[PDB]
Each structure stands twice: as C-alpha cells, then as structure tokens.
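In: got the complex split up, this is the first portion:
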Amino acid sequence: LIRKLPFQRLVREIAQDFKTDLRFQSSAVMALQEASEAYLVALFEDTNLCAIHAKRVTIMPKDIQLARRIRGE
Amino acid sequence: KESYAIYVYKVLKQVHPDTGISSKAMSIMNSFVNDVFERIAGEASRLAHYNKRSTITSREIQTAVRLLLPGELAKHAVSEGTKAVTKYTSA
Amino acid sequence: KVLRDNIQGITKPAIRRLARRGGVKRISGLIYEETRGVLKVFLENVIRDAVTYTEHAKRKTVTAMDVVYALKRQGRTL
Amino acid sequence: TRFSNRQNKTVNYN
Amino acid sequence: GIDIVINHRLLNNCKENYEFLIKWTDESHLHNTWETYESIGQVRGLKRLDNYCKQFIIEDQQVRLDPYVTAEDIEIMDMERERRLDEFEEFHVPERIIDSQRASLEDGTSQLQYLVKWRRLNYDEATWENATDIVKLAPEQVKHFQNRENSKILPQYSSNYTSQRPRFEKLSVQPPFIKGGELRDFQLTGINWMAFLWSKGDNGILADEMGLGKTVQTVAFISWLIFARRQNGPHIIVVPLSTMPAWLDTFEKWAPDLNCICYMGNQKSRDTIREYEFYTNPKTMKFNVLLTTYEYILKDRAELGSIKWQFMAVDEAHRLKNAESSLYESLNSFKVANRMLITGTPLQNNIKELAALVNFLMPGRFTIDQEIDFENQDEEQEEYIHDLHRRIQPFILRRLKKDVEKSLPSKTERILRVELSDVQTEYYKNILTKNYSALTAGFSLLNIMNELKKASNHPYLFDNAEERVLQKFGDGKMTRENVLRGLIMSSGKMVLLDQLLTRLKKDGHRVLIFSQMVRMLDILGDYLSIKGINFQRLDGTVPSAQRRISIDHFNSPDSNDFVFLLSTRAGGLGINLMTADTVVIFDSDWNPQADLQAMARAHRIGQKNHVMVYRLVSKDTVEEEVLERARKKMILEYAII
C-alpha cells in the first residue's frame, strides 16, 4: 500500500542519524513496511472508534492523541 | 536448514492434502512453530527454576501448556500429550 | 530541487488508503501531520534497536533477522 | 487424518 | 468533446476577443476549425481552452511585455511556434490507412471511411475518416494501403522449414528488391554471407563495423529471404527505441512496398494495432514484419510469442548479455526458424557474454565454458580462444572501414590530461579523508568510487557547492557573467573545453558532447545557454517525437545549433550525426565498446570529413585505472580476432 522507494529513503535517513553509515537487506525494508502498515492500520481502527464515540464522521487529531495515549502509553 | 517444512508437508498432507502451501506460508508456519516452542520452553524452564528443579519433565510442560494455552486447546492438547506419551512409554 | 522526501514520501493519497483500510469514513485535513510524526516515532523506536543489534554483530549491514528481533519485543510491548 | 479434537464454529472464508 | 487547439488568433479581452483553431475528441486533425468562446459555449474539456488561454496570456507576456527577453529568445519562440505548427500540419497529413468500411449516417445515407493513421502520430489518434479527403491528399498512401491490404506476405503462406535447408553461396549482384540506394561489395557480401549461413540452417552474427550499412543490409537480406526463401511468415525486428524511425525510414526508402509495422505506445495504441493491424477476421496477421523495442516485447510477451515467427533480428544485440536477462528469457520463450544478431562489436566485456550469444544462436553446440577462460596470458586459454575463433569464424561477419571503404576518412583520437581545480582537490581529498562535517556542509559514503568520480567531473554535483563557491566569490551570484566564470573555473576540464569550444566556435566546427552523467549534461546545457550557444540535448528522458525531430534538425545542414550534447546510455547508440566533425567524451565508462559506439555515432557511411575525438582525463585520478581496465577488455577483443 505504501511506496517502497519513499519509505526506504526515509528509513535510511533515520538510520543515517544513528549510525551515519549503513547497508540494508531489502527484506529488512519489506519487514519495516509490513510492521508500519499493520501498526498504522490498528491505530486508525482505534482512532475511528474514538471518533464515532465522539459522534463525528471525521476523525480528529485529538482522537489520534487520545488513542495513542490510552493504548500506546 | 534446521527447518520443519518437511514435517509441515507431512501434517499438511495429513490434514489437507488437497491444499498446497506458498513458501511464504510455509515460512510463517516455521516462524510460528519456533515462536510457540520458545514460549512453552522458556516458561517451563522458569517454572522449573522456581521449583528449584534442574530437570524438566512431562508435568512441567503439561503445567506450562495449561498456563499458556486457551482452555479448550489446553485440555485437548493435554489429552493429546498424555495419550502420546502413554503410547511412547507403553511401547 | 528543494523538498526532502522523508516527510513527503508519506503522502495524502497513501494515508487516505491506509485510513480506508482502517475503515475510516472521513478525515480532518490536519490528521496527516500527526500520523507522520507518530510514524517517525514508531519507526525511530524500532530502528535504533536494530542498529544496536547490528553493532553487537559488529557488521555494517542490517539484516531482516535483526529487524525481527527489534520488532518482535517492541511490537509485543506496543 | 490428523483429526481435530476441538468442536468449533464453522466458517466460510470464500 | 474538446481537444486542444492548433493555433490562436483574434484578461477579459483575451476571453472575449480571440479565436482558436480547435480540435475535437472524435475528429481527426484535419477536422480543425477556427472557433470562439461564445460560439462553442460550455463544452466538455473547456479547461483545455482555459489552459491555452493561460498559455496565450503568458505568451503575450513573454513575447511582448517582458523587456529583458532577447531577440534570439524571440527567435527561439518563433521557432517553437513554426516548428510545432508545421508538426500539426504533419498531423494534418495521413501516413497510413489501416482498413476501409462503409457506414450509415444519420441522414440514412452511407459513406466509405478509411481508418487513417497520421504522420508523426500513431493509432491512438487514427480513426475512420471519409476517404473523400484521403484520396486527394495522399493517393500515394491510398496506393500503398491497397498494396498493404494485399501483399499475401502473411503467416499462412509459409511452412515449417526446419526439416530442410538448401545451400547458398556468395553472389556479386545488386539486390533487385531495393529502391533505397546502392549496395557496395561489402553490403552485398553481408547479404551473401547471411544467406549462406541461413543455408547451412544457422543463426548468425553481423559485426562489420558500426554505421557500416547493417540496417540497409539487414533489410536487403530480409527482403531476399522473403522473396528468395518465401519467408512470408512474420519476422520480428527488435530495435533500440531511438532508431525505430530510421529502421522504418529504411523500409520506407529501401523496400517501401513491404507490409511492415512498428509496435509501440499505450495499451490502447497496442490493442488497436493488434486488432486492426495484426488481426484478420478475429487469427492471421496482416503484416510481414514487426518492429518492436525490447520492452514492448515484455509488454506482450505471450501474445507475440503465440505467433510462429520465421525470423528474429536484433539490433545492438549486446543488449542480450546473459541468459538470465528478462529479454533473453522472453526471446527463448519465443520460437523462431532463424536468428540474426547485429552489432558492430560482438562482445563488450567477457567471454561469458559471447558464450551466451552463441548459445542463443545454437544452444549448447559450442564447447565454450569457464573451464578454459581468459587468463591474461595462458597457452591453454590462448590455444582455446584461437580454437573458438576458428570454430565461430564461419558464423561471424566482421570488417572495418579500413577494409571496407578507404574513402571514409579516419578519426583523430586523443586524451586530454587536465588538472584538478582547488574545488576538485578539496572535494576529492574530502572523499579520501572521511569528513562527515564536509558531507554535512555538502551526505553518503556508501559508494566512494561514484562519489569521487562524479565530484572529479564536477563539484556542482553537490548542490551546496554552487552556493558556497559563488558566495566565496561573492560577485559570482551577482551577474550572469560572474556566474559563468564561477562555474567554468571550478573544473580544469571545463576551462580547457571552454577554450576548445571557443576555438571551434571561431572555426565553425560541429561537435558532439558525451557524458555518462545526466546532471553534468544539465550543467553543461546551462553553461551553453548562458554562453549563448545554439545546441540540442539528447538523453533517455526526451520522448520519441521531440528526440527524433531534434536529431533531424541537427542533421539538417542549416541547423545553427552547432553543438549536440548527448548521454551515452541513450545517445551513444545507433544514431548517425553526420553534421558533426568532432566528438568529446567527459568520462569513459568501464566498457570501451560503448565509447567505440559513441564514436560510431559520428563515424559512419555518411561522415563527409575526417573526424577528431578527445577524452577529458583528470590528472592522477581513477579514470586512468578505468581506462586501463577498459583497455584490458579491448585486449580480449584483440585476442578473439
């Protein structure tokens, strides 16, 4: 769903912050895509539950913050 | 290399020989097998240490699985383990 | 060529698709920047530990197995 | 032949 | 629906007053008419008129209001105008009729429409238009269409040959099928030797030198085998994109009566080609020969693989390097009675590539294997390479212009050793030294060779270098001339080549620039434009039509654009630039044969005069090592000869 080239360029940027010189297996990039997609989708399902509890059709950033606090923190 | 795919194939043919399996699914089964194994083993070890025991036996695993596993799956699996070890020991 | 991809690479249509997969009906236009931040944090959390795994192997290259170790423990907690 | 012990809900996955 | 206007003629003034040469979504280019905003009213696609209104506004702004726009920029605008309008007029001339049908009109009458394709244009536009105009505008095209409808050169007219192969031997007569010129002994002997090889039954390689006639030779041979060997069943010619028009032009001059096609474009284009052009009564396929590019094979791999091909021909056949190439796979999923591989140099790099080629010709028939391989000197490998040489020699044709036609004047070739700038020295050191702060000042060390090589051609390939350079100049930013200086000073090669270019400018010499690096060819494009030079660029990004017409114009003798700038990967192959006397290379590749190909782009049957060739080599930097490895690769060529 999410685009491997942008995604992996982001990944390498962040890695470059910690190490400053890396190599990556493409399988590692794939795994990071799968993980990030699954995590984000779960968080979306949560935040939607929040939005409907607040009787909105639109989700709001407040719903993201709340969901992340309650589940994640 | 040290992998179960042949055993997966055995039980696959034993459970649904009309179904093939993707290598991806096969690898997922291998990852799954390793995960459940390390889960039960790590628990049984720590239980044995708690019991001050240097040895692991059927009881430890039989207890650990009843701890890990959902209630139906537990007593079904427990019965399968006891049946199997009965056959093994009676042989 | 002035823009930088790390933020931009994750972009309105893909976020929309993720939301639709998440069953969301409608979204405020503000949401995307929250999620990018959250994504960065999530990504940042995992990759740091993958780096340290790679350090303990003293290897330059990061494998999917290192990712699996970091993602295994971190994912279960989160 | 590897029979299943549990009695569980029937599912349609199609 | 609305389609976007050819031309405009006489902001609210712009909207009310003016008139535009519309086109419509279902009507061919000849249905263009002058229309006005209120006369059309609201119609589907009016945003195109809005776009053209915006364009016309900015045209007025650039042509008339901006005081800076120089006279030569107005002349370039007039060129853009007249060149595009002439190309619209070419879209207003048919190129092909595909089929004919009579259809009922709303008046209850009926009319005979010809499915018409148009010049510079393809089967996305092509549509049924009443023959009443076709018959008067291009009766030649009507005649050719009536020929192409009826050639009986079609798959159903030929058998499964492989069971039998009659002999052939060399001949000394001009091919009678050919309208396009006059073969000499070498082209004819091409025809002869290919016919003999076919008559052994075999698949062959043509490697007489680059630009020496292969295209005309191969069309003459395919014509011979169609006529002589009744090879009426489809032949597939796979061609590098840029040369597909020239191959067409070859047919359109050398055997214009043949029923052959080029296969390209969007799925709609390719579908309409398949159904209308290929299929009869959907199957049997109307064409005798299909041109394709490599990727358009993959675009229809199994579909075209369903045809019983009688002949495969392959330009730049080193495009097939190894068995695992997706192309090599697809071409061996295809089945064919004959294969012929064309390249003015038979191997780029290594014995394994030639092994894969000969396996593609005759799989497993040649005992060529790593167990004897190219140790730089070895009696056993040198014996076996001469054994392979004599084994292959019946199956390769090779000559130089030195053999073929001493009339063709030779090439000067020279290396231009040049010093680093201070900027070059700094950055190169800052790659030899590992300075993450220097990277942070303008960011990866993960390929040091590439970083230092591209730096070594130009530090402006790091974007912060232009800022920090022109700011340490301080005046550099301030004016075009100060920018020009602050740029050109930054590499010694740039200074030298600027001197040489100024000399050629005084000479009136016509010159080709080549590089591996598209960003460098951009920096050089900007340098040329700020220097006020007239030139064209070519690289793999420009689509077919603009690149084609760019080549055509530059080959036109009146072309004031005296410089052509080219990528190697796209521009170095297949093309003839006979208007250019001189060639320069900023950087050799790992592979020498690519450089020989670039040279061939100048060096051709059509070259009028002795050519001159220069290589810009930085002093004490890795390219010398690259050059020595490329020379070792050339030693492999010298060993196989």
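Out: Perfect, thanks for sending it. Numbering: from 1, shown residues only, chains lettered A, B, ... in the order given.

In: residues contacting residue B:4?
Out: With contact set as Cβ atoms under 8 Å, 6 or more residues apart in numbering or on different chains, residue B:4 has these partners: B:29-30, B:33. C-beta coordinates here come from the backbone N, C-alpha and C atoms, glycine included.

In: could you measure it against residue B:31, distance?
Out: 10 Å (Cβ to Cβ, to the nearest Å).

In: again with residue A:37
Out: For residue A:37, the distance to residue B:31 - Cβ to Cβ - is 18 Å.

In: What of residue B:88?
Out: 28 Å.

In: Which of these two has more residues huddled nearby?
Out: The residue with more neighbours, out of residue B:88 and residue B:31, is residue B:31; 11 against 8, by other Cβ atoms under 10 Å in any protein chain shown.

In: Doesn't that one belong to a helix?
Out: Yes - Residue B:31: assigned to a helix according to DSSP: H, G, I helix; E, B strand; the rest coil.

In: Can you name the residue of chain D nearest to chain E?
Out: Per Cβ to the nearest Cβ, residue D:14 is where chain D lies closest to chain E, at 29.5 Å.

In: Pull the number of nearby residues for residue B:61.
Out: Residues near residue B:61, counting by other Cβ under 10 Å: 19.

In: got the residues of chain D near chain B?
Out: Taking Cβ under 8 Å from any Cβ of the partner chain as the contact definition, chain D meets chain B at D:1-2, D:5-6.

In: Which of the residues you listed has the largest number of neighbours?
Out: Ranking those using other Cβ under 10 Å puts residue D:5 first, with 12 neighbours.

In: what sits against that one?
Out: So residue D:5 contacts B:76, B:79-80 (Cβ under 8 Å, 6+ apart).

In: Tell me the one of those nearest chain E?
Out: Ranked by distance to chain E (Cβ to the nearest Cβ), the contacts of residue D:5 are led by residue B:80 at 48.4 Å.

In: rewinding a little: output the residues of chain D next to chain B as a markdown table; include the columns secondary structure.
Out: Compiled in a markdown table, those are given as follows (three-state DSSP):
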| residue | secondary structure |
| --- | --- |
| D:1 | coil |
| D:2 | coil |
| D:5 | coil |
| D:6 | coil |
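
In: just the residues you listed now: which is nearest chain C?
Out: residue D:6 (25.6 Å).

In: okay but that closest one is in contact with residue B:75, surely?
Out: No - when contacts are counted by Cβ atoms under 8 Å, residue D:6 is not listed as touching residue B:75 (9.7 Å).

In: Name the residues contacting each of those two.
Out: By Cβ under 8 Å, 6+ apart, no residue touches both residue D:6 and residue B:75.

In: hmm, back to that, type out the ChimeraX command that picks the buried ones from the contacts of residue B:4.
Out: With 16 or more other Cβ atoms under 10 Å in any protein chain shown as the criterion, this ChimeraX line picks the buried residues out of the contacts of residue B:4:
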select /B:29,30
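
In: mind adding chain F? sequence follows:
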Amino acid sequence: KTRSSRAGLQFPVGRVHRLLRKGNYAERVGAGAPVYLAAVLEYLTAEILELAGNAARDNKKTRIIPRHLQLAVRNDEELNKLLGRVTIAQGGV
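Out: Okay, chain F now, added to the rest:
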C-alpha cells in the same frame, strides 16, 4: 522403531530433545518431555492448518497462502487472542 514413530508423532523428537539442551532451558530433560512437547506441537499446527485449508478451499485455491492463514487465525477468537500480537507478513486485514 524411532521415538516419533513409537509415539506415532510426525516431528523430530531427537531435534527438540537436543534443542532442549541446546537452548539451556535445563541441564536435565526427562524423556517424556520432548515427546509430550512434540505431541502438542503436532496438535496445535493441525488445528490452524485445518482452518487455513478451509480458507484456501473456500477461496477456491489449492495453495494455502498468508491471506488464508491470516483469515483462519483471525476467525478463531482463541487462536486470534492467542496470536493477538503475531503479525502476518502479506496477511491482509
């Protein structure tokens, strides 16, 4: 006959018996434990594979694929709640 076939089991009792040492889980291991372990391993995989086979069969596919596994895993609440933190690569929602 081999320990597995003696138990009727279709898994490498010798491997896991070795692995119980190789993983340091205990310096001693009792002979039934690897057998009992193998029995429950076989049972567990059979239950999931049966559901996944239905999933492939229902999707008219012979190939069991991550989608079919994921669909099975999420349909049983017990497996799903057992596997609530397991994530299936290329297993869609």
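
In: ok chain F is in now, so what about the contacts of residue B:4?
Out: B:29-30, B:33, F:11-12.

In: so which pair among these is furthest apart in space?
Out: Farthest pair in the contacts of residue B:4 (Cβ to Cβ) is B:29 and F:12. Separation: 14.9 Å.

In: and residue 24, what are its phi and psi?
Out: This is for chain A. phi -130, psi 140 (degrees, to the nearest 10).

In: let's do chain F instead
Out: Torsion angles, degrees, to the nearest 10, at residue F:24: phi 60, psi 10.

In: Centre-most residue in chain F?
Out: The centre of chain F sits closest to residue F:45, judged by Cα atoms, centre = their mean, with a distance of 3.0 Å.

In: Quick check: what element follows the helix ranked longest in chain E along the chain?
Out: Across chain E, the longest stretch assigned as helix under DSSP state H is helix E:71-91. Going down the chain from helix E:71-91, the next helix or strand is strand E:94-104, by DSSP states H and E.

In: Tell me if the helix or strand hosting residue A:6 is near chain F.
Out: Secondary structure from DSSP H and E places residue A:6 in helix A:4-18. No - counting by Cβ under 8 Å from any Cβ, chain F is not contacted by helix A:4-18; separation bottoms out at 13.7 Å.

In: in that helix, what counts as buried?
Out: A:6-8, A:10-15, A:18.

In: CA atoms of stretch E:217-235 as CSV?
Out: Only the C-alpha atoms of stretch E:217-235 are listed here, as CSV (Å, rounded to 0.1, in the frame of the first residue of the first chain):
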residue,chain,number,x,y,z
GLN,E,217,22.0,-4.8,-45.4
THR,E,218,19.6,-6.5,-43.0
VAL,E,219,16.5,-5.1,-44.7
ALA,E,220,18.0,-6.3,-48.0
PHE,E,221,18.6,-9.7,-46.6
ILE,E,222,15.1,-10.0,-45.1
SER,E,223,13.8,-8.9,-48.4
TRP,E,224,15.9,-11.6,-50.2
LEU,E,225,14.8,-14.4,-47.8
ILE,E,226,11.1,-13.3,-48.0
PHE,E,227,11.3,-13.3,-51.8
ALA,E,228,14.0,-16.0,-52.3
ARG,E,229,13.2,-18.2,-49.3
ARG,E,230,9.5,-17.5,-49.3
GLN,E,231,9.8,-16.3,-45.7
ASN,E,232,6.3,-14.9,-45.8
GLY,E,233,5.7,-15.7,-42.1
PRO,E,234,6.2,-12.9,-39.5
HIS,E,235,9.6,-11.6,-38.8
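
In: pretty sure residue E:633 contacts residue E:345?
Out: No - Residue E:633 lies out of contact with residue E:345 (Cβ under 8 Å); the separation is 10.7 Å.

In: Could you tell me which residues touch both of those two?
Out: residue E:593.

In: Backbone torsions only: list them for residue E:444.
Out: Residue E:444 adopts backbone torsions of phi -130, psi 140, taken as degrees, to the nearest 10.

In: while you're at it, add DNA strand G from this line:
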DNA sequence: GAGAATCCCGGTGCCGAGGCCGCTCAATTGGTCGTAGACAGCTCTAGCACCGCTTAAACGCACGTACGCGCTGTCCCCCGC
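Out: Okay, here's DNA strand G dropped in alongside the others:
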C-alpha cells in the same frame, strides 16, 4: 458575613530501626587443563548507484454539499444531606 472544614502545634506511646556479637558459610586464592574464541585469509554475492522507459499515481484547482459546531430549551438524575 458566617459557618464549616482544614491546618498547625504539642504531648505521649509504641514499635521499629540501628548497632553489636559470634558463628558458619561463602568468598578468595592458587593451580591445572582444554576449548572456545579470536585472528587471518579467501571467495563469493549481494548491496549500492545510475540510466531508460512506461505508465500510473499524485498534485492542484474548482465546485458542491454535508457535516460539524454552537445555541437554546427541556427533563431527568445524582448529588448532597
């Protein structure tokens, strides 16, 4: 403004914390033996960078409506005693 609740101050009890002493077990010291790890070298492959080409996706703008927000009024419940 008045009353109720909260805080501060002082005394006393009660127990726990802190210290001391003696004994036992663990920790330390020294020696022996082997294997695991470290080091070095070689070969293989996968990872990195860039170009060529197609096409689909993404972006930007305009148009429309629907949803969200705020306001108002009524009613029930929960809070407080």
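
In: let's see the neighbour count of residue B:61 again after adding DNA strand G.
Out: Counted with other Cβ under 10 Å, the neighbours of residue B:61 add up to 29.

In: Mind listing what's buried along the helix or strand containing it?
Out: Take DSSP H and E as the rule and residue B:61 turns out to sit in helix B:58-68. Using 16+ other Cβ under 10 Å as the burial criterion, the residues of helix B:58-68 that qualify are B:58-65, B:68.

In: Closest one of those to residue E:440?
Out: residue B:68 (51.0 Å).

In: mind listing the strands in chain A by residue range?
Out: Under the criterion DSSP state E, chain A contains strands at A:23-24, A:58-59.

In: and the first one with DNA strand G, contact?
Out: Yes - part of strand A:23-24 sits near DNA strand G under the criterion Cβ under 7 Å from any atom of the strand, namely A:23-24.

In: Measure how the biggest helix by length in chain F sits relative to helix B:58-68, angle-wise.
Out: Counting by DSSP H, the longest helix found in chain F is helix F:32-58. Helix F:32-58 and helix B:58-68 are oriented at 40 degrees to each other (axes from the mean of the first three to the mean of the last three Cα atoms, to 10 degrees).

In: touching chain B at all, helix F:32-58?
Out: Yes - Helix F:32-58 lies within reach of chain B by Cβ under 8 Å from any Cβ, at F:32-33, F:35-50, F:52-53, F:56-57.

In: Within reach of chain D, which of those are there?
Out: Near chain D, taking Cβ under 8 Å from any Cβ as the test, the members of the residues of helix F:32-58 next to chain B found are F:42-43, F:46-47, F:50, F:57.

In: returning to that earlier point: thought the residue nearest to the centre of chain F was touching residue B:11?
Out: Yes - in this structure, residue F:45 is within contact of residue B:11 by Cβ under 8 Å, at 5.9 Å.

In: got the buried residues of helix B:58-68 as JSON lines, with distance to chain E columns?
Out: JSON lines is the format used below for these (distance: Cβ to the nearest Cβ, whole Å):
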{"residue": "B:58", "distance to chain E": "54"}
{"residue": "B:59", "distance to chain E": "55"}
{"residue": "B:60", "distance to chain E": "50"}
{"residue": "B:61", "distance to chain E": "49"}
{"residue": "B:62", "distance to chain E": "53"}
{"residue": "B:63", "distance to chain E": "52"}
{"residue": "B:64", "distance to chain E": "47"}
{"residue": "B:65", "distance to chain E": "48"}
{"residue": "B:68", "distance to chain E": "45"}
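
In: re the thing from before, give me the helices and strands touching the helix holding residue B:61, please.
Out: If contacts are counted by 3 or more Cβ pairs under 8 Å, 6 or more residues apart in numbering or on different chains; DSSP states H and E, helix B:58-68 sits against helix B:23-50, helix B:71-90, helix F:32-58.

In: Now that residue E:72 has come up, it's in contact with residue E:560, right?
Out: No - taking Cβ under 8 Å as the definition, residue E:72 is not a contact partner of residue E:560, at 10.0 Å.
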